[PDB]
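Undergrad: Mind having a look at this structure? Questions to follow.
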Protein chains: 10
Amino acid sequence: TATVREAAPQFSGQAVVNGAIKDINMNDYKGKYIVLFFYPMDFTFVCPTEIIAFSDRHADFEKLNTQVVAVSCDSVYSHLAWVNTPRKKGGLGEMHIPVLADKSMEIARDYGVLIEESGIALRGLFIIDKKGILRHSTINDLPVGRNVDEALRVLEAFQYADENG
Amino acid sequence: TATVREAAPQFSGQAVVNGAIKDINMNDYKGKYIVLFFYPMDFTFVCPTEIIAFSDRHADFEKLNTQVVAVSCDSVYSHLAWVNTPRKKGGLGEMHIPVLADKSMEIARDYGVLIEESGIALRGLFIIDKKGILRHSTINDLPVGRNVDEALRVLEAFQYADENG
Amino acid sequence: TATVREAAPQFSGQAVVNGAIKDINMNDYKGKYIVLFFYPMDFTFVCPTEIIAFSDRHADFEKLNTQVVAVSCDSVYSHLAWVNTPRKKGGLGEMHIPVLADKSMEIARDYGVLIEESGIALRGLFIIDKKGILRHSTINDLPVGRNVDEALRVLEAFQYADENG
Amino acid sequence: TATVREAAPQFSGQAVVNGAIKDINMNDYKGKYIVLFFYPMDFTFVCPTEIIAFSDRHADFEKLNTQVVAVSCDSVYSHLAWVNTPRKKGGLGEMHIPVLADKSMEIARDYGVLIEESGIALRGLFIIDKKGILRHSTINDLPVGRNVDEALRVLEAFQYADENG
Amino acid sequence: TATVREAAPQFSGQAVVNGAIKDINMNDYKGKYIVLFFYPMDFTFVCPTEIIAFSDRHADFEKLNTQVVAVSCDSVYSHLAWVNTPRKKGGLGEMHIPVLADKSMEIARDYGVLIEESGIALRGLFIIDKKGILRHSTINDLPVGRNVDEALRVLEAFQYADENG
Amino acid sequence: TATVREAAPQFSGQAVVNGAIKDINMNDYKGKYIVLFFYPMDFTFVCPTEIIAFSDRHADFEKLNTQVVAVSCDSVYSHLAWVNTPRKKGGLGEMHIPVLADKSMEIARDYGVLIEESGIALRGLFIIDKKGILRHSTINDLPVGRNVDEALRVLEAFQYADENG
Amino acid sequence: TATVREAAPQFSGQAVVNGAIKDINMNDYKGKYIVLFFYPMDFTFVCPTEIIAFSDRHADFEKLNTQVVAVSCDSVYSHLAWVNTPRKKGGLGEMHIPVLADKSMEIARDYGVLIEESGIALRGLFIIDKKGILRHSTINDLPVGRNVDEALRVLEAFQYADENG
Amino acid sequence: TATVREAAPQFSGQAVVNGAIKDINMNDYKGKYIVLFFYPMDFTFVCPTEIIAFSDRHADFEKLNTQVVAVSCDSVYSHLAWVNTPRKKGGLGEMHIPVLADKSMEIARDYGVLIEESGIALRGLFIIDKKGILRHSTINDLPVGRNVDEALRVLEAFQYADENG
Amino acid sequence: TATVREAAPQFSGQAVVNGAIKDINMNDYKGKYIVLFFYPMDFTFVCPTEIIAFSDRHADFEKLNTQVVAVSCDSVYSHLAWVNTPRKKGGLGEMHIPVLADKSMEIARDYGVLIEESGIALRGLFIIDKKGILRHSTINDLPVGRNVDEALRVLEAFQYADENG
Amino acid sequence: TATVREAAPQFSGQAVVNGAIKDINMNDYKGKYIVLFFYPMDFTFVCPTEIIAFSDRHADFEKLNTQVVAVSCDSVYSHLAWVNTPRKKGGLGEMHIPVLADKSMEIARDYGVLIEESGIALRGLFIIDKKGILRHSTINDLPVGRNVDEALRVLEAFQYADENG
């Protein structure tokens, strides 16, 4: 699937950036670290705390030369639907990262986070080096959400270590 | 996959009946004809004409001892989301049939309507005999929607022919 | 066999057009939609209602830039025999579409309508795009016959959607 | 397929005896020699000389304790159709042998006379011993028809040799 | 083995023509119909009625542009031995056709008449077209011998049909 | 290897607890969450910051009903050697967790963190549920070390979610 | 095939003893050494020197508790034919050993003397122990015939060595 | 292995000619018949009667343009040892043929005389034509030794038949 | 083959003990260490220094509860021959260990010392524990012979370590 | 693995020479005999007697044109750690040979001394010829250590025999 010290698998699909469908490849973010951020499904009963917590902290990822690509196995019309759902109605509201649609579940399968029996992704966070290789693989089972200071600490750290050692 | 004169493959999953998730098996509708009605994806830019046209005409399927199970490869939270979307906002509104969630795309694969490259279903309509065997297989490519008088004519006809000959 | 969104399989054989054998390939109707119309066998005890209902309505298919190719797994001598059988004797009479003979059952096998145990075709209707790809697949089990207004509605619709969207 | 000195393969299907469909198995003629007589297809432009020449000489096969089962790869409705076609119109007329319908082409395949490319049978004549084993295999290519005095000579001969030696 | 409508397999071996060994290939008789005539073995207790009946009627095969090649699975020394055996001592006497020795049983295996358990040939008669393809396949089990008027009727018939139709 | 939502693979080997070799199985910690903590190799030139940071914070893992099992692919004599190396000499000093020796590299292979070319483990942290299934999989490439507040946050969280939801 | 120090393969077939067909198995000569004596074919142009030289010296094999079974790949009717051919006409005349017919060439194949391309046997002589195992294997290519004093010397010798050592 | 009518397998190894090791290939004796003479092993308790009987009669093989190559599966030091053992001490004494050492048992395996369970050769005598093909294969089981007048008779005979016929 | 820490393969064959053939199995020396001592071949031009150096020092192996089994791939008649060769003639003379004959080269193959191309053994020394497992594997290429004080040192050492540790 | 008379497998890895990591290939010592000296693991409770006994006697290996490469399956940081451990604390102290780190256990696997279940090497000593082929293979099970006078005797001996014979 997606070994850490090997090359990250390619992702490509219709994302939602700034309220519209953009059909984004991984190669659009060449020269950047990638933070590939799988959340399980759209429109959930729980409040989308971690993806709003990444979209609000998107400046901290623009400063570290990286792009957070939030992936789900849902179709891009549902992504565009709950980005356009107001945040007080359980929706996202303002969303400032590519909400990538892995409707064929090829990206979630290649990153080992696909729950094949239920067709959704594990709560996953993958930090791809700007050489294209994976470097970090935080995979949570469906309850526990990811944290943004954890991703920023590891992200940077990879930045400082790729600079010096 | 799903040959006509052979037995229909089983479907089982979390549907949306009357505004909530019901976790419906095919065996819930034993003794009925099944009209398994694949629409491609949720929240589309086109108005959902054919599924509203089946949900409004659900009495014509209750009279012919059959159940229309509208399937999509989307998750049940998106189904519950756009059933609960008001109909003037491009949504469904009142939905009076099981909106079955084939999120693992196992039902759409078994019925040969799965578009594996894009993870959605072909516009499909399958009439399963109440012996469990398939009898009718109307599969459209993604533009052309199904009609309800066509399904009622074929449905009945199968009813009259299973009665007499 | 014959997937919808894929390319339609080629058909080629001795048909009956206007009372004689013509040895017709699919490529004779390039640039047209094809309505490949499987009826099960010749000389049946039931009256041939659906094939007479397509042959009488052949102008409605000439207007929509399509050709209805009625196929059976019977040999072309039986096709020529019951086209030449008068219509009051249970026969066809005037027949204004290619009555294609799939005696080797290669066309009915490639279109998934061959009942291999009995050597006949399912009641099938397939609408091939004039790019050669299939678009529509109406397969009935042997009782219920096809309707012509259904085929005209779907046919057109494919016409309007291939024009605009 | 059907070796001579081995056991003849079983045949079973809907025949036409005395103007109706009878659904005849090989086991109906246990204790008799079988003369399994493949003619290629129904309603041919040539006059059906050999099958009328066997049906008129059916008493010579009733006297030698054998049954001539005329087989074609056509369906039983075409068989019933051209038995009921008057003999001056190129048809059979009176037909006094089982006109067996091998529409699935399983009998013609098991007897090695199936022309798989065209779906018809070779002009074949097979004399099965009343032990069920084959004894004689006259296979003609499609021009040259079988003769009845040849079949009677070989038939008998098998009769005299199975009696004495 | 030797299908009718396909090409006949090649035969080549030491025959006995006019009292001596000639080492005859099939290609020696190019441009002729071949009547390949398997008799089971030499020096049998029964009188060799059918091979004397072909050798005496060899003019009727020279007139129809064909060559009767009598084959057995015996060696050419036994063939030369019982051609040279006088006819009143159970032998052949005058023999006016190639008595081909299939001692390796390669010709009888390729023509499907080899009885592999006993190493002899079935009583077989095969009419090869002068295009080299088989056209006729009369195979008898070991009791019943072939007739010469049957072979002449079928032979001719193939001649008239290859001329006209 | 070690999928998250599946069962964690078993680990068993000679660890170093409190300055001696204990030969510890996974089943010794049944009824606890496991925090399986791969560090790459012993005696490294970098200061062992993360394993001292887990051993000093071992009370925070004893309070959350879990056991941190620090694994390396080094032998237990090297583990006992650099636990017994004083901390000012680049060593561990006080070590309050099982320093498990995966010298056969079977535990690191089963947890997907084995770098097979160099025989060491990726910087990995795996949180096994006390049902024995994996729940969390933090894998770093060799530069970036793990953090203890991250493991405590995720650990707990799994604790609160396994309690309630 | 037939290794020496292993068990001899079984032979069984229609032989010619004293002027008639006897259908002889190997088990008829249990408790005897067997001298299985392949000569190539019947009715040869060369005088049958070695088989007459064994049949005239048959008393020397009856005295050493052995049976010479002369085998050829010819049929038993040819064997009976040239045993009954007078010796001045190139034939055998008096023949005092089983002239075994290996017409299916199963005995010559099992004894490795079958020339598969020409269907005859190598000039072979095999001495089977009365335990059933082979002990001696003299195989000549087709020119050079076997000698009887050689077979008697080896035969005996096997007799004296099986007695003492 | 070593079929008679096929080509003899090559032999090559360290022989003993005239009291020393010579490393002899089969190609050293091109243009000669070869008499490849396997004896089982060296230094046996029985007196080496047959190999002394060939070495003393070596002039009778030099006159017939052949070379007797005595082979054993023993090493060339044992061959040189019991050629140099005096003949009254159970040894060979004067040895006038190549005593070939098949210590790897490749020559005895290729000539089918290797007893694989005990690593020795069967008492074998093989006459290779000077075209390189085998012609004669006398294989004895371990008791009965070969005779020299038998080998000379067969040898010659092959000589006279290769001259004339 | 023969791994050290695994079980030693069984050896069994005709040895030479005290001037005669004894047919010795490995199980004859159960409860002893085995020193399996491969020397390459018999009667070599070099003086047999190492095997005489083991046979003269056999008391030092009787004292350490072990048995030195000198193996070669030569037959037991050559072993008996050069044990009976006087020592001033390049022979062994007094030989006080089992000179085991691995003529089938099954023992040398199982102990990995067989040189398969030349059929001899590598100069090998294997110390089997009296549990039957191998413990020591000294394999030399053909020049350099084994030493007896080396084998005694390692042997003992295994003795002291199997006693204590 | 590593056969004696075949070519030695290549070794390459980070060694410890004179207190630092050198990343040494086998090709660094081309033109020398190699003494590849596997000891099982680092920091053992037993005193490292054999590796100190080789490092102190390194002049005796520099004089015989050979290099002793002490290998273990431990990582090079542990090797550098216990070379730098003082010898009175159970460590090595002065170490005058390449302490090669086979952390991936590829060298110990290729030399057949890897104990795969425990990930350590057997006590092994391998003398590679300066042609690169192996010549000597002393493998001990884990108790019994190697001796230096044994290695020097065999080493030389290989030296004298590669000079003369």
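Letters for chains follow the order of the structure tokens (A, B, ...), residue numbers begin at 1 for each chain, and ligand numbers begin at 1 in the order shown.
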Tell me which protein, DNA and RNA residues are within 12 Å of residue G:115, counting only C-alpha atoms, leaving out same-chain ones fewer than 2 positions away, and put them as an NGL selection string.
TA: (:E and (103-104)) or (:G and (38-41 or 72-73 or 105-106 or 108-113 or 117-124 or 139-142)) or (:H and (3-6))
Undergrad: Skipping near chain neighbours, those fewer than 6 positions away, what residues fall within 12 Å of residue D:155 using only C-alpha atoms, listed as a count of residues only?
TA: 34
Undergrad: Apply DSSP to the structure's backbone, then extract all residues of stretch 29-152 of chain C labelled alpha helix (DSSP H) and return them as a list in words.
TA: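 Output for stretch 29-152 of chain C, alpha helix (DSSP H) only: residues 49, 50, 51, 52, 53, 54, 55, 59, 60, 61, 62, 76, 77, 78, 79, 80, 81, 82, 83, 106, 107, 108, 109, 110, 148, 149, 150, 151 and 152 of chain C.
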Undergrad: Going by DSSP on the backbone, which bits of chain D are strand (DSSP E)? Write them as a ChimeraX atom specification, please.
TA: /D:12-13,16-17,20-21,24-25,33-38,66-72,99-101,114-115,120-121,123-128,134-140
Undergrad: May I ask for the distance between atom CA of residue G:101 and atom CA of residue G:13, given in Å to one decimal place?
TA: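 About the pair atom CA of residue G:101 and atom CA of residue G:13: they are 6.2 Å apart.
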Undergrad: Atom CA of residue A:83 and atom CA of residue A:55, how far apart in Å?
TA: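 These two atoms are separated by 11.2 Å.
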Undergrad: Find the residues near residue G:99: any atom within 9 Å, counting only C-alpha atoms, skip ones fewer than 3 places away on the same chain, and give them as a ChimeraX atom specification.
TA: /G:14-17,69-72,76,79-80,83,95-96
